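Residue numbering restarts at 1 for every chain, and letters A, B, ... go by the order of the sequence lines. Side chains are part of it too, since the values below use all heavy atoms of this structure and drop only hydrogens, waters and symmetry mates.
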Amino acid sequence: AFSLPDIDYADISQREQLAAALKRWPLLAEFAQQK
Amino acid sequence: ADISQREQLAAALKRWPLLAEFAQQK
Amino acid sequence: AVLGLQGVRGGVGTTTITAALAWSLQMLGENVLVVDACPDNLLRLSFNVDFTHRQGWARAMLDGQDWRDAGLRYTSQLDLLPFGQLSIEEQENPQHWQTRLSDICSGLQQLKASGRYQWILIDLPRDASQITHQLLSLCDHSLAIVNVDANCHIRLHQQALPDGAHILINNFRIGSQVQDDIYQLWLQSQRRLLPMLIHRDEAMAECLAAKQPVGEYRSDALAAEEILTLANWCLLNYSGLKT
Amino acid sequence: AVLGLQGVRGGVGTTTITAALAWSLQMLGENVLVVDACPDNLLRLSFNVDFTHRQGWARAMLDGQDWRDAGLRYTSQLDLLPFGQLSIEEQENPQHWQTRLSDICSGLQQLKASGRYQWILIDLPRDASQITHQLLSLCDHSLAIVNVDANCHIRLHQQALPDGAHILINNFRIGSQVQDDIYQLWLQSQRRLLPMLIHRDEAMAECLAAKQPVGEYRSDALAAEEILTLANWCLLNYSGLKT
Amino acid sequence: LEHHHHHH
Ligand SMILES: Nc1ncnc2c1ncn2[C@@H]1O[C@H](COP(=O)(O)OP(=O)(O)OP(=O)(O)O)[C@@H](O)[C@H]1O
Ligand SMILES: Nc1ncnc2c1ncn2[C@@H]1O[C@H](COP(=O)(O)OP(=O)(O)OP(=O)(O)O)[C@@H](O)[C@H]1O
Ligand SMILES: [Mg+2]
Ligand SMILES: [Mg+2]
């Protein structure tokens with residue numbers, strides 16, 4: 001059955017508090033990067 | 001040293017009924 | 001309502017939370033049945049059932065006996081249905097019994113129709129077996145249990161959660177930067193995440209060694225208070241039946 | 001020698017330890033192959049393999065391809081064999097593929113016979129599948145991974161350990177009376193408990209988010225040095241082949 | 001162990 005995404009990274013790279021976290025951890029960055 | 005270990009274990013089994021149960025049925 | 005609890009990974013706290021949540025719901029005046037669907041049969045030990053008590057719903061069913069005779073009373077408002085003890089051969093060859101337990105599903109549906117219980121809680125393994133899938137399908141709601149760590153973060157991107165499940169954090173630590181980074185990212189991206197969580201708490205490590213649910217063992221523990229919050233959330237949001 | 005690592009339950013640290021031990025052995029100058037036998041396919045992420053890189057030995061075999069094409073080289077002394085990424089459909093129907101992987105056993109035996117590797121480490125799930133049993137049977141030696149808690153204590157009295165396994169503690173904490181009590185009991189009652197253990201360590205939580213084995217990520221972390229003592233114990237005790 | 005002090 002169709003559903004909207006349970007995980008939504010839209011505009012994640014514009015939350016300044018998250019910027020340092022994504023730069024700290026390559027694992028987190030690779031899921032959050034745009035496709 | 002030997003009896004010291006046995007006395008500390010006695011206290012642990014008294015503290016935790018799960019540990020006493022399993023030790024007593026081994 | 002029938003509520004399933006299932007870990008996204010082993011060891012995240014699913015069984016301790018199931019026992020604790022059942023205790024909180026019965027304390028709030030609900031009649032509760034708690035069912036262990038995990039073959040390791042651990043839930044019963046949070047309710048002071050003897051380890052050498054071998055009986056349970058699956059044990060009975062596989063022995064050709066009556067699963068309805070395997071229930072235990074814990075309080076006037078909380079009954080328990082252990083899985084039962086499996087032999088090593090049954091443990092090592094689960095394909096031989098995982099398709100022989102379908103009758104528990106029709107039975108639980110009939111028990112739900114009776115109205116004897118306001119809540120039926122099911123502790124579920126994550127093994128993709130036939131019986132696990134069938135039990136999940138009769139749940140009205142489900143909780144997917146996680147810890148905030150890199151393993152669970154990856155898993156949420158590659159495995160299925162139960163349909164409609166919400167995510168419940170357990171084992172939340174004090175003073176971990178990588179944990180805070182994952183958590184802050186989840187708050188902005190994980191649409192299924194519940195607004196409350198459960199902290200790491202020595203009471204949750206001790207209560208099974210004391211053979212009690214956490215709220216009975218230490219009612220003023222932070223984890224006990226957090227479980228009570230979860231119970232009240234379930235009453236408000238998870239009381240509806242699936243259509 | 002082939003060394004299997006398998007948690008007594010999920011989430012105890014088996015994969016992080018497998019990656020760390022492989023790194024420590026290759027640091028000591030051993031040639032190592034590390035094989036992921038877990039369908040969750042998580043080991044590769046400790047070696048900077050992209051999440052979207054779906055190739056692996058089991059993925060290849062299920063696709064009718066040569067599993068040897070899925071090997072990856074991390075250093076001149078450490079090769080990696082990911083499991084590969086299963087679809088949700090495959091994950092939810094494990095019996096449609098859990099009996100189609102048996103050719104990996106003779107394949108790994110041929111690779112072992114080449115002499116290219118002094119160590120073949122296998123990250124094993126504990127899902128009682130046909131392929132898991134067959135891969136465990138290939139092992140010359142095995143480590144059963146535990147955490148010191150009431151759940152693992154119960155499991156040690158009701159489930160089988162790999163034959164001849166030694167027991168390795170991970171996630172050992174401070175400030176826990178119940179852990180200290182269980183540990184003192186195990187010291188007296190578990191003959192095959194290893195003399196070294198691994199503490200709960202922030203570097204072991206961070207290294208997977210950095211996509212590195214712990215000893216590469218932070219060589220002066222306590223856990224990295226504890227893993228080094230484990231590696232040296234393996235060199236002295238686990239270098240022989242099973243009769 | 002190699003050291004009695006480690007990274008914090
Ligand atoms: N919030 C917590 N704080 C501290 N310890 C906890 C917490 N939650 C669980 N634990 C401990 O972690 C261990 C595993 O808990 P539990 O048996 O509930 O997990 P599980 O997910 O059901 O595991 P399994 O995969 O064996 O079914 C137990 O010994 C428990 O005491
Ligand atoms: N000693 C430790 N200290 C702190 N964190 C740790 C430690 N060992 C493991 N972890 C963390 O615990 C999580 C689970 O570890 P890991 O993936 O190695 O477990 P596992 O037993 O292989 O789990 P699974 O059931 O998914 O196979 C990871 O996020 C890892 O970073
Ligand atoms: Mg459980
Ligand atoms: Mg693993």
Side-chain angles (χ1 to χ4, degrees), chain B, chain D residues 6-13 126 128 142-200 229:
Chain B
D2 253 341
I3 181 51
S4 179
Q5 299 302 329
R6 286 186 268 267
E7 183 138 321
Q8 305 179 13
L9 174 59
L13 300 181
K14 268 183 62 63
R15 281 188 283 268
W16 305 114
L18 185 79
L19 302 188
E21 175 186 22
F22 283 66
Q24 288 167 8
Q25 289 184 131
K26 278 294 302 166
Chain D
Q6 185 188 57
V8 167
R9 68 148 190 269
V12 290
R126 202 188 151 276
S142 54
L143 293 175
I145 312 299
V146 298
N147 296 177
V148 181
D149 60 44
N151 173 316
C152 282
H153 185 69
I154 297 151
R155 287 180 175 269
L156 290 171
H157 296 82
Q158 60 172 31
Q159 73 190 50
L161 295 166
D163 187 71
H166 285 87
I167 300 174
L168 176 63
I169 290 165
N170 184 40
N171 280 325
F172 204 72
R173 296 156 200 276
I174 63 170
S176 176
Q177 185 60 46
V178 70
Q179 171 193 275
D180 297 348
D181 290 336
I182 296 170
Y183 179 64
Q184 215 54 48
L185 178 55
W186 286 5
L187 284 176
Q188 297 185 41
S189 61
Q190 296 294 337
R191 175 66 167 181
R192 301 180 72 79
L193 180 65
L194 287 177
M196 72 286 303
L197 52 70
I198 320 297
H199 280 88
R200 204 271 159 199
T229 72

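- In this structure, chain B has no heavy atom under 4.5 Å from any part of D:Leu187.
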Between side-chain atoms of residues 162-172 of chain D and protein atoms elsewhere (two or more places apart, or another chain), which donor-acceptor pairs fall under 3.5 Å?
unit_1	atom_1	unit_2	atom_2	d
D:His166	ND1	D:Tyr238	OH	2.7
D:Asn170	ND2	D:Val12	O	2.8
D:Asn171	ND2	D:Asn147	OD1	3.0

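- Ring-plane geometry between B:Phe22 and D:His153 is classed as tilted, the angle between the planes lying from 30 to 60 degrees on a 0 to 90 degree scale.
- Going from atom CD1 of D:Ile154 over to atom CG of B:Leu18 covers 4.5 Å, rounded to the nearest 0.5 Å.
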side-chain contact (heavy atoms from CB on, under 4.5 Å) between D:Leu185 and B:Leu13, intermediate numbers included: CA-CA 9 Å; D:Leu185 178 55; B:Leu13 300 181; 4.3 Å; yes
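- Contact of B:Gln25 with chain D is not made at all, since no heavy-atom distance falls under 4.5 Å.
- Environment of CD1 in B:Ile3: crowded, with over 12 heavy atoms of neighbouring residues, nucleotides or ligands closer than 6.0 Å.
- Heavy-atom pairs under 4.5 Å with chain D were tallied for B:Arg6, B:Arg15, B:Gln5, B:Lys26; the largest tally goes to B:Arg15.
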